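J.: The structure that follows is given in the form of structure tokens.
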Amino acid sequence: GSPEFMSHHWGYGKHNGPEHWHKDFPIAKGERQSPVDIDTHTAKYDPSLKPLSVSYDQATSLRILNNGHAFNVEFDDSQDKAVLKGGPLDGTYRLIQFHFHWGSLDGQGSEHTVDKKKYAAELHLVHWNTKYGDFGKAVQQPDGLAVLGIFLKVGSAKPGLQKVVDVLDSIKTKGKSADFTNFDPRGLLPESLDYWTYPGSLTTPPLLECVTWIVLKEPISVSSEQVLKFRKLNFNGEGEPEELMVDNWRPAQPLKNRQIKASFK
Ligand SMILES: *C[n+]1nc(-c2ccc(F)c(F)c2)c[n+]2c1NCC2
Ligand code: NA
Ligand code: NA
Ligand SMILES: [Zn+2]
């Protein structure tokens, strides 16, 4: 039985997707929810914003996991090996994992939008503020997390993404994981670090309002072949009815009492 017949655990189907989440996670209707549409002409340039400092040379990737909602590439976050600081931030944030959101078709998949335009996918590099000691404590704080969001447009292949693409055959179904040591996340970045920033939330339940979002202006180009292989993953576990892992994105939420800032003019 597919989940709709079995359990109302949250997901991305018609019967458990974003329009339902508020019933079990009422903060879904909160005051600083993500994602949002980035209206490029109304985001204000803030000359007090610093360049973003991304220090990933010493990163220790560990494992890639299909968690039934996306796949996470996990990192050792027990030391300041892979850290994000500067930009809008006043602390040091350790990389814990990255994951993507993507569509069933190239014209959808991103969570943030830019002037209402959707990208084929969006990469989230999730970091937590070291003053809180652990991720679980950080998600009890309004400055607990910093997420670096990067858009994926379809065009030329992204060579630094290919190791991710190549391993997906080995984590097809929920609960499968594979070794993913020796992976360099610097290969997922665009050239420019110019960004928009605003206060928001996790985009998956529990939707906690802990995130300083840092969304890069420059998308990365990926090939259609790269993103279409993401779409061969499964939401289900092995031996359960097959549900392709596609359209695992939350749509844009109301901006409410927030103004997006830009690091660039
Ligand atoms: C696949 N599956 N389906 C069911 C299911 C039982 C009544 C699914 F009225 C349904 F719609 C009535 C039960 N389970 C499975 N797999 C494990 C148990
Ligand atoms: Na090292
Ligand atoms: Na700040
Ligand atoms: Zn995400």
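Identifiers in the structure tokens: chain A, B, ... in order shown; residue index from 1 per chain; ligand index from 1 in order shown.
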Can you tell me, as number ranges by chain, what residues are no more than 10 Å from residue 45 (chain A) when counting only C-alpha atoms, ignoring any on the same chain fewer than 6 positions away?
T.: A: 196, 260-265
J.: Would you mind listing the residues within 10 Å of ligand 3, counting only C-alpha atoms and all ligand atoms, as a list in words?
T.: residues 48, 49, 50, 86, 87, 88, 89, 90, 91, 143, 197, 198 and 212 of chain A
J.: Residues at most 12 Å from ligand 2, using only C-alpha atoms and all ligand atoms? Could they come as JSON, numbers by chain?
T.: {"A": [56, 57, 58, 59, 60, 61, 76, 79, 80, 81, 82, 182, 184]}
J.: Filtering to N, CA and C atoms, could you give me those residues as a compact mmCIF listing (two decimals), in the first residue's frame?
T.:
```
# COMPACT_ATOMS: atom_id res chain seq x y z
N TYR A 56 35.20 25.29 2.68
CA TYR A 56 34.89 23.89 2.54
C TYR A 56 36.10 23.02 2.22
N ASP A 57 37.31 23.59 2.19
CA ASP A 57 38.49 22.82 1.81
C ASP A 57 38.64 21.56 2.66
N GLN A 58 38.39 21.67 3.97
CA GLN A 58 38.60 20.56 4.90
C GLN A 58 37.33 19.75 5.16
N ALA A 59 36.31 19.91 4.33
CA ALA A 59 35.06 19.20 4.52
C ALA A 59 35.27 17.69 4.49
N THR A 60 34.48 16.99 5.29
CA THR A 60 34.48 15.53 5.34
C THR A 60 33.08 15.03 5.02
N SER A 61 32.82 14.75 3.75
CA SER A 61 31.60 14.07 3.37
C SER A 61 31.65 12.63 3.87
N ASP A 76 30.66 15.34 8.37
CA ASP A 76 31.09 15.41 9.76
C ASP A 76 30.99 16.85 10.23
N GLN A 79 33.48 19.27 14.11
CA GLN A 79 34.50 20.30 14.16
C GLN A 79 34.19 21.32 13.07
N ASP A 80 34.89 22.46 13.11
CA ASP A 80 34.70 23.56 12.16
C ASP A 80 35.43 23.31 10.82
N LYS A 81 35.12 22.16 10.20
CA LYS A 81 35.77 21.72 8.96
C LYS A 81 35.20 22.40 7.71
N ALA A 82 33.90 22.62 7.69
CA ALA A 82 33.19 23.07 6.50
C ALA A 82 32.21 24.12 7.02
N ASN A 182 34.94 11.54 0.45
CA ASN A 182 35.87 12.11 -0.52
C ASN A 182 35.18 12.98 -1.57
N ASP A 184 33.78 16.69 -2.75
CA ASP A 184 34.10 18.10 -2.53
C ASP A 184 32.89 18.96 -2.88
```
J.: Quick one: of A:247, A:32, A:237, A:111, who's nearest to ligand 1, counting only C-alpha atoms and all ligand atoms?
T.: A:237
J.: Residues of chain A that have any atom at most 9 Å from an atom of ligand 4: could you tabulate them with the shortest-distance atom pair and the distance in Å to one decimal, using only C-alpha atoms and all ligand atoms, ordered by chain and increasing number, as a Markdown table?
T.:
```
| residue | atom | partner | partner_atom_place_in_ligand_line | distance |
| --- | --- | --- | --- | --- |
| A:70 | CA | ligand 4 | 1 (Zn) | 8.6 |
| A:98 | CA | ligand 4 | 1 (Zn) | 7.9 |
| A:99 | CA | ligand 4 | 1 (Zn) | 6.2 |
| A:100 | CA | ligand 4 | 1 (Zn) | 6.1 |
| A:101 | CA | ligand 4 | 1 (Zn) | 6.3 |
| A:111 | CA | ligand 4 | 1 (Zn) | 8.1 |
| A:122 | CA | ligand 4 | 1 (Zn) | 7.7 |
| A:123 | CA | ligand 4 | 1 (Zn) | 7.0 |
| A:124 | CA | ligand 4 | 1 (Zn) | 5.0 |
| A:125 | CA | ligand 4 | 1 (Zn) | 8.0 |
| A:126 | CA | ligand 4 | 1 (Zn) | 8.0 |
| A:147 | CA | ligand 4 | 1 (Zn) | 8.4 |
| A:149 | CA | ligand 4 | 1 (Zn) | 8.2 |
| A:202 | CA | ligand 4 | 1 (Zn) | 7.0 |
| A:203 | CA | ligand 4 | 1 (Zn) | 5.8 |
| A:204 | CA | ligand 4 | 1 (Zn) | 6.9 |
| A:249 | CA | ligand 4 | 1 (Zn) | 8.1 |
```
J.: Determine the nearest neighbour of ligand 1 from the options A:75, A:230, A:5, A:183, counting only C-alpha atoms and all ligand atoms.
T.: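 Using only C-alpha atoms and all ligand atoms, ligand 1 sits closest to A:5.
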J.: Neighbouring residues of residue 6 (chain A) were defined as those with any atom within 12 Å, considering only C-alpha atoms; residues of the same chain fewer than 3 positions away were excluded. Please report them as JSON, numbers by chain.
T.: {"A": [1, 2, 3, 9, 10, 15, 16, 240]}
J.: Please write the residues from the selection above to a file, keeping C-alpha atoms, as a PDB file, in the first residue's frame.
T.:
```pdb
ATOM      1  CA  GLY A   1       0.000   0.000   0.000  1.00  0.00           C
ATOM      2  CA  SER A   2       1.119   3.480  -0.949  1.00  0.00           C
ATOM      3  CA  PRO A   3       1.217   6.005   1.925  1.00  0.00           C
ATOM      4  CA  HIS A   9       2.944  11.157   7.444  1.00  0.00           C
ATOM      5  CA  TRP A  10       3.893  14.277   5.564  1.00  0.00           C
ATOM      6  CA  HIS A  15      -3.034  13.606   0.081  1.00  0.00           C
ATOM      7  CA  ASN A  16      -0.054  14.523   2.278  1.00  0.00           C
ATOM      8  CA  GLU A 240       6.550  -1.192  -1.698  1.00  0.00           C
TER       9      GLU A 240
END
```
J.: Write out as a short mmCIF file (atom, residue, chain, number, x, y, z; two decimals) with C-alpha atoms, in the first residue's frame all residues of region 35-140 of chain A that backbone DSSP assigns to helix (DSSP H, G or I).
T.:
```cif
data_model
loop_
_atom_site.label_atom_id
_atom_site.label_comp_id
_atom_site.auth_asym_id
_atom_site.auth_seq_id
_atom_site.Cartn_x
_atom_site.Cartn_y
_atom_site.Cartn_z
CA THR A 130 28.15 26.54 16.54
CA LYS A 131 27.20 28.60 19.58
CA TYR A 132 24.27 26.20 20.06
CA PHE A 135 21.74 20.86 15.26
CA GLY A 136 18.87 19.95 17.57
CA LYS A 137 19.54 22.90 19.86
CA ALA A 138 20.13 25.20 16.88
#
```
J.: I'd like the contact shell of residue 162 (chain A) - 12 Å cut-off, only C-alpha atoms, skipping same-chain residues fewer than 4 positions apart - returned as a list in words.
T.: residues 157, 158, 166, 167, 168, 183, 184, 185, 187, 188, 222, 223, 225, 226, 227, 229 and 230 of chain A
J.: Find the residue from A:246, A:152, A:171, A:165 that sits nearest to residue 218 (chain A); use only C-alpha atoms when measuring.
T.: A:152
J.: Please determine, counting only C-alpha atoms and all ligand atoms, which residue among A:71, A:233, A:78, A:4 has the shortest atom-to-atom distance to ligand 1.
T.: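 Nearest candidate to ligand 1 out of A:71, A:233, A:78, A:4: A:4.
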J.: Apply DSSP to the structure's backbone, then extract all residues of region 23-250 of chain A labelled strand (DSSP E) and return them as JSON, numbers by chain.
T.: {"A": [37, 38, 44, 45, 52, 53, 54, 55, 61, 62, 63, 64, 65, 66, 71, 72, 73, 74, 75, 83, 84, 85, 86, 93, 94, 95, 96, 97, 98, 99, 100, 101, 102, 113, 114, 121, 122, 123, 124, 125, 126, 127, 128, 129, 145, 146, 147, 148, 149, 150, 151, 152, 153, 154, 177, 178, 179, 195, 196, 197, 198, 199, 200, 211, 212, 213, 214, 215, 216, 220, 221, 222]}
J.: What does the file look like for those residues with C-alpha atoms, as a compact mmCIF listing (two decimals), in the first residue's frame?
T.:
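Output saved as out.txt:
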```
# COMPACT_ATOMS: atom_id res chain seq x y z
CA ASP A 37 9.32 34.48 -4.35
CA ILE A 38 12.29 36.82 -4.73
CA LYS A 44 16.99 46.24 -1.45
CA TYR A 45 20.77 46.41 -1.83
CA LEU A 52 30.01 35.37 2.03
CA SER A 53 32.86 33.26 3.46
CA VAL A 54 32.55 29.62 2.35
CA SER A 55 35.34 27.43 3.82
CA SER A 61 31.60 14.07 3.37
CA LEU A 62 30.39 10.75 4.76
CA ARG A 63 27.25 9.20 3.31
CA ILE A 64 24.38 9.71 0.88
CA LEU A 65 20.95 8.68 2.22
CA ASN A 66 17.51 8.37 0.58
CA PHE A 71 18.56 12.42 -0.64
CA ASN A 72 20.97 13.93 1.87
CA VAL A 73 24.74 14.07 1.51
CA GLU A 74 25.96 14.09 5.10
CA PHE A 75 29.11 15.67 6.55
CA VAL A 83 31.86 26.42 7.63
CA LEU A 84 29.82 29.34 6.41
CA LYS A 85 30.31 32.79 7.94
CA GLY A 86 30.32 36.40 6.84
CA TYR A 93 27.90 27.76 10.94
CA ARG A 94 28.91 24.13 10.32
CA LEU A 95 27.73 22.20 7.27
CA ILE A 96 25.66 19.20 8.32
CA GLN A 97 24.16 18.05 4.99
CA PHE A 98 23.04 19.14 1.58
CA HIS A 99 20.06 18.00 -0.46
CA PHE A 100 18.01 19.08 -3.46
CA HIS A 101 14.40 19.72 -4.42
CA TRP A 102 13.36 19.02 -8.00
CA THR A 113 11.38 31.57 -7.34
CA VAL A 114 12.88 34.67 -8.96
CA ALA A 121 15.90 22.19 -9.01
CA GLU A 122 17.33 23.88 -5.94
CA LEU A 123 20.30 22.84 -3.79
CA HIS A 124 20.23 23.51 -0.02
CA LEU A 125 23.49 23.40 1.94
CA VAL A 126 22.34 23.31 5.58
CA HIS A 127 24.54 24.75 8.33
CA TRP A 128 24.01 25.22 12.08
CA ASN A 129 25.32 27.91 14.41
CA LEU A 145 20.60 27.78 10.89
CA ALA A 146 22.08 29.24 7.73
CA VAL A 147 21.04 27.63 4.46
CA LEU A 148 22.86 28.38 1.22
CA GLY A 149 20.36 27.96 -1.62
CA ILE A 150 21.55 27.50 -5.20
CA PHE A 151 19.32 27.29 -8.26
CA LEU A 152 19.83 24.62 -10.94
CA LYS A 153 19.02 25.58 -14.51
CA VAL A 154 19.08 23.05 -17.32
CA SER A 177 22.43 4.74 2.03
CA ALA A 178 25.87 4.50 0.47
CA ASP A 179 29.38 5.61 1.29
CA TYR A 195 23.27 36.68 -2.85
CA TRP A 196 19.86 37.59 -1.52
CA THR A 197 19.09 37.04 2.15
CA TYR A 198 16.01 36.99 4.37
CA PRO A 199 14.83 35.31 7.60
CA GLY A 200 12.81 32.15 7.02
CA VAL A 211 16.95 29.91 9.05
CA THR A 212 18.94 32.81 7.70
CA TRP A 213 18.45 32.12 4.00
CA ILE A 214 21.30 33.00 1.65
CA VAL A 215 20.15 32.43 -1.95
CA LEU A 216 22.82 32.82 -4.61
CA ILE A 220 24.46 26.58 -11.65
CA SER A 221 23.95 24.91 -15.01
CA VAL A 222 23.25 21.18 -14.92
```
